[PDB]
C-alpha cells in the first residue's frame, strides 16, 4: 500500500485544494481607500471682511440680546457623529462657563435651554 490509502483523505492536488484557502492571494484594495479620501475639498473666495468692526465699548453691553426673535419653534436637527463613543456624566462645567466666548456671548446664552438629545440624530427618514 501507501500510508493513508483507503481513507477519506484527498489524494489528488485538485481535491486537496478544495480544503486549502488561496492564502497567498491577499486583498489590498481597502488600503488605498483609507488614503484616497481627502476629508474635505472646498472652494473659497479670497475677499475682505465685508462686516465692519463695532465700537469696542459696545462689547461691554451687559444684557441678553435675543438672537432668533421667532424661528426655533422649525427646530434645527443636528448631526450626531456616527461612531461616537458617548458617555453619560454631568461632571463637566455648565455652558455659560465654557471657554471662550466673551462676556456678551455668555449673557446671550442666559435663559436659553440646551439642544435636546432627540434633536441630535444620525439620520432622518426623509
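Positions refer to the first chain, counted from 1.
Unmodelled residues of the deposited sequence between residue 52 and residue 53: none, the chain being continuous. As the entry records it, the average C-alpha temperature factor is higher for 89 to 97, out of 89 to 97 and 75 to 83. Across the options 45, 65, 31, 39, the residue with the most elevated CA B-factor in the record is 39. In the deposited entry, the Cα temperature factor of residue 117 sits in the middle third of values across the chain's modelled residues.
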